[PDB]
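See structure below.
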Amino acid sequence: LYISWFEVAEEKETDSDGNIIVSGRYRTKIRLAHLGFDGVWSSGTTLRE
Amino acid sequence: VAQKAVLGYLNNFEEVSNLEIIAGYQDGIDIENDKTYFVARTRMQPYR
Amino acid sequence: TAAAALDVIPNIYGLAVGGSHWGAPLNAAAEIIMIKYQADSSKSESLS
């Protein structure tokens, strides 16, 4: 059994002069988990394909 | 109680079997009969 | 992992950028090291 998430995030694409269009590409991530042979999780990793 | 004990080890065992070798130290410039140390880590996270 | 996530990347971006909590991992290690004793000195109560 495996589980997963998509990260929703914001940071400014700040220009040196300053800018209004602070958006486009962000370090969002995608995360995976699984439950082990006693039901505790461990492989809560970030492949972020 | 033994089944809980067994599976508590067998969860850990597979991470060890997946360890990845990153680098190895040759004896400066020498060859033959070297101790040749190696360093390795877990792939699932860079923690160990 | 919490201490590392509070370190490897900044808290804030802008005219000022940063907020990486420098001491966080080494400050966390002492708590991890401490926890061993409360368990082993109560495994001694189990085996007593």
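For the protein sequence lines, the chains are E, B and H, in the order given. Counting with the authors' numbering, you get residues 2245 to 2293 for the letters of the first sequence. Counting with the authors' numbering, you get residues 2148 to 2195 for the letters of the second sequence. Counting with the authors' numbering, you get residues 2976 to 3023 for the letters of the third sequence. For each residue, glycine too, the CB sits at the ideal point set by N, CA and C.
Per DSSP, the bridge partner or partners of residue i
i                : result
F2281 of chain E : Beta-bridge pairing links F2281 of chain E to no other residue.
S2248 of chain E : E:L2276
Pair within 9 Å by beta-carbon distance, residue i and residue j
i                : j                : result
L2154 of chain B : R2188 of chain B : no
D2282 of chain E : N2158 of chain B : yes
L2276 of chain E : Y2246 of chain E : yes
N2986 of chain H : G2994 of chain H : yes
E2257 of chain E : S2248 of chain E : no
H2996 of chain H : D3015 of chain H : no
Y2184 of chain B : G2171 of chain B : yes
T2976 of chain H : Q2192 of chain B : yes
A2253 of chain E : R2269 of chain E : no
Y3012 of chain H : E2255 of chain E : no
Nearest-angstrom Cβ-Cβ length linking residue i and residue j, presumed shorter than 8 Å
i                : j                : result
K2273 of chain E : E2293 of chain E : That belief does not hold up - the Cβ atoms of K2273 of chain E and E2293 of chain E are roughly 10 Å apart, past 8 Å.
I2169 of chain B : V2148 of chain B : Actually they do not touch by this definition, with Cβ atoms about 39 Å apart.
Which of helix, strand or coil DSSP assigns to residue i
i                       : result
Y2172 of chain B        : strand
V2186 of chain B        : strand
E2167 of chain B        : strand
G2989 of chain H        : coil
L2981 of chain H        : coil
residue 3065 of chain H : Nothing can be reported for residue 3065 of chain H: it is not among the residues displayed for chain H, which extend from 2976 to 3023.
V2266 of chain E        : coil
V2153 of chain B        : helix
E2254 of chain E        : coil
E3006 of chain H        : helix
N2159 of chain B        : helix
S3019 of chain H        : helix
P2193 of chain B        : coil
Beta-carbon proximity list for residue i, same chain, < 6 Å, skipping 5 on both sides
i                : result
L2279 of chain E : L2245, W2285
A2999 of chain H : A2978, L2981, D2982
Close beta carbons around residue i, own chain, < 7 Å, minus the five adjacent residues each side
i                : result
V2992 of chain H : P2985
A3005 of chain H : none
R2190 of chain B : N2165, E2167
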